[PDB]
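Notes to accompany the following structure.
Below, each value reflects all heavy atoms present in this structure, side chains not excepted, and no hydrogens, waters or symmetry copies. Residue numbers run from 1 in the order of the sequence given.
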Amino acid sequence: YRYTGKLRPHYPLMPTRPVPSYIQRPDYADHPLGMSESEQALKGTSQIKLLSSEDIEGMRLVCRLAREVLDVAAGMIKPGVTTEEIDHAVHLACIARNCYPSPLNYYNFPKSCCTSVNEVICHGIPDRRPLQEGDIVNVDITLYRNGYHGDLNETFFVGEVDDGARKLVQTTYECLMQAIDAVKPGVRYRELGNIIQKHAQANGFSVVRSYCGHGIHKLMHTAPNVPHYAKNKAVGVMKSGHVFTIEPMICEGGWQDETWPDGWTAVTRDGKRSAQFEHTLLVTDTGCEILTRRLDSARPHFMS
Ligand SMILES: CCC[C@@H](C)[C@H](N)P(=O)(O)O
Ligand SMILES: [Co+2]
Ligand SMILES: [Co+2]
Ligand SMILES: [K+]
């Protein structure tokens, strides 16, 4: 394999971390290939669940717990700390909140969160590489509690970073918040990508095409599919009671991605940096509720 940039995987990984049997497990947890029967059954379906009131309480709960776990990870970001150390902490923090770490064994993903450094777009595997001053790193947290998944992510600076990194991370966050601002009943899911790409393009960045935002509730990834790029073909109209993510990935260079031999790590084909933010959203009668919002600050961690 020809790597696209400077980053390399740092193996071996520590043995897979056990989740005590008292934690309730999603279906794929114990599938040999990590397939989710429940996801697949609804795979290809266009129909969007309307959450009930107990569904909404369940989503509120797991999304706030996910946020707490992301906040634990945010506090560990500094030069010299390995992404595997961050995942260890994340794994324990999930267990402490009586949650299963959703990524763990999801289609055989081997860790409890995704860590995506520099040219890694998304789904990076926590490993033995120490974070380097200058890096940008995304941590993506997904928790499962009482049948519901909650999903968020932020990009972080590792010590001092350069102007290009400041600008890419800020712009990515602005892309996300502009899209969120547009969310309310009657808006087409396909419109969000027009908004995201307009802002990215204005700032000289490109928009990843192969990964999308998604419905989420009892299933981690379900209808709707939500592209982040302009003139997409996404199907569906927003309605009060829909829950879904928006998680744009924006890049310094070109939009094209490819996958490492690990089957998960998505990287820019050109080796230039990519940043991402993600919230889980509930559409309400007036707009939407950011279920994974940071409660104890107005702002994401990079703005500290
Ligand atoms: C290993 C899968 C991790 C997934 C589910 C991420 N949380 P996302 O849905 O790509 O944001
Ligand atoms: Co995520
Ligand atoms: Co997601
Ligand atoms: K990245």
Quiz item: Can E84 and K111 be said to form a salt bridge (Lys or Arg N to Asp or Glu O under 4.0 Å), step by step?
Solution: CA-CA 9 Å; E84 184 164 58; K111 292 289 195 174; 2.8 Å; yes
Practice problem: Report the residues that fulfil side chain to side chain contact (heavy atoms under 4.5 Å, CB included) with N232, sequence neighbours left out, ordered by chain and then residue number. | Solution: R190, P227, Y229, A234
Quiz item: If you measure from the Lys or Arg side-chain nitrogens to the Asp or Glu carboxylate oxygens, is any gap between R60 and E57 under 4.0 Å?
Solution: yes
Indicate the atoms forming the closest heavy-atom contact of [X] with [Y], along with that distance.
| X | Y | value |
| --- | --- | --- |
| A182 | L192 | CB-CD2, 4.3 Å |
| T265 | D262 | OG1-OD2, 2.6 Å |
| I48 | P224 | CD1-CB, 3.9 Å |
| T172 | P248 | CG2-O, 3.6 Å |
| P300 | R294 | C-NH1, 3.8 Å |
| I136 | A275 | CD1-CB, 4.5 Å |

Self-check item: Flag for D27-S38: side-chain donor and acceptor within less than 3.5 Å
Solution: yes
Tell me if the aromatic rings of [X] and [Y] count as close, with their centers under 6.0 Å from one another.
| X | Y | value |
| --- | --- | --- |
| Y211 | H123 | yes |
| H149 | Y100 | no |
| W260 | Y3 | yes |

Side-chain donor-acceptor pairs of residues 10-26 under 3.5 Å, sequence neighbours excluded:
{"residue": "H10", "atom": "ND1", "partner": "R8", "partner atom": "O", "Å": "2.9"}
{"residue": "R17", "atom": "NH1", "partner": "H88", "partner atom": "NE2", "Å": "3.3"}
{"residue": "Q24", "atom": "NE2", "partner": "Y144", "partner atom": "OH", "Å": "3.2"}
{"residue": "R25", "atom": "NE", "partner": "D30", "partner atom": "OD1", "Å": "3.3"}
{"residue": "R25", "atom": "NE", "partner": "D30", "partner atom": "OD2", "Å": "3.0"}
{"residue": "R25", "atom": "NH2", "partner": "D30", "partner atom": "OD1", "Å": "2.8"}

Quiz item: Got a sec: does the NZ of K167 have more than 12 other heavy atoms crowding it under 6.0 Å?
Solution: yes
Quiz item: When you look at CD of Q256, are more than 12 heavy atoms from neighbouring residues, nucleotides or ligands closer to it than 6.0 Å?
Solution: yes
Would you call [X] and [Y] a side-chain contact if the rule is heavy atoms closer than 4.5 Å?
| X | Y | result |
| --- | --- | --- |
| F205 | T171 | yes |
| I56 | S53 | no |
| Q132 | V158 | no |
| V137 | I86 | no |
| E247 | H228 | yes |

Say you draw a straight line from [atom1] of [X] to [atom2] of [Y]; how long is it, rounded to the nearest 0.5 Å?
| X | Y | atom1 | atom2 | result |
| --- | --- | --- | --- | --- |
| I121 | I250 | CD1 | CD1 | 10.5 Å |
| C251 | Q276 | SG | CD | 10.0 Å |
| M249 | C175 | CE | SG | 11.0 Å |
| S112 | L92 | OG | CG | 9.0 Å |

Are the side chain of [X] and the backbone of [Y] linked by a donor-acceptor contact shorter than 3.5 Å?
| X | Y | answer |
| --- | --- | --- |
| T4 | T268 | yes |
| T45 | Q47 | no |
| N108 | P32 | yes |

Exercise. Just grab all the salt bridge (charged side-chain N to carboxylate O under 4.0 Å, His left out) pairs involving residues 269-284, residues at least two apart or on different chains.
Key: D162-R273, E252-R273, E258-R269
Practice problem: Sequence neighbours left out, what pairs pass salt bridge (charged side-chain N to carboxylate O under 4.0 Å, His left out) with at least one residue falling in residues 121-139? | Solution: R129-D135
Only pairs under 3.5 Å count here: list side-chain donor-acceptor contacts from residues 65-79, not counting sequence neighbours, and write none if there are none.
{"residue": "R67", "atom": "NE", "partner": "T292", "partner atom": "O", "Å": "2.9"}
{"residue": "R67", "atom": "NH1", "partner": "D71", "partner atom": "OD1", "Å": "3.1"}
{"residue": "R67", "atom": "NH1", "partner": "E154", "partner atom": "OE2", "Å": "2.8"}
{"residue": "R67", "atom": "NH2", "partner": "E154", "partner atom": "OE2", "Å": "3.1"}
{"residue": "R67", "atom": "NH2", "partner": "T292", "partner atom": "O", "Å": "3.1"}
{"residue": "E68", "atom": "OE1", "partner": "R97", "partner atom": "NE", "Å": "2.9"}
{"residue": "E68", "atom": "OE2", "partner": "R64", "partner atom": "NH1", "Å": "3.4"}

Quiz item: Would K49 count as a cation-pi partner of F244, with NZ or CZ less than 6.0 Å from the six-membered ring centre and within 45° of the ring normal?
Solution: no
Practice problem: List, by chain and then residue number, the residues other than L219 in its hydrophobic cluster (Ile/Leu/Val/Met/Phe/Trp/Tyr, side-chain heavy atoms under 4.5 Å); write none if there are no others. | Solution: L42
Self-check item: Candidate list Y106, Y107, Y28, test ring pair (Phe, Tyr, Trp, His ring centres under 6.0 Å), partner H221, passing option
Solution: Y106
Quiz item: What is the ring orientation for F302 with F277, classed by angle as parallel under 30°, tilted 30 to 60°, or perpendicular over 60°?
Solution: tilted
Self-check item: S274/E119 under side-chain contact (heavy atoms from CB on, under 4.5 Å): CA gap, chis, key distance, verdict
Solution: CA-CA 5 Å; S274 182; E119 69 269 30; over 6 Å; no
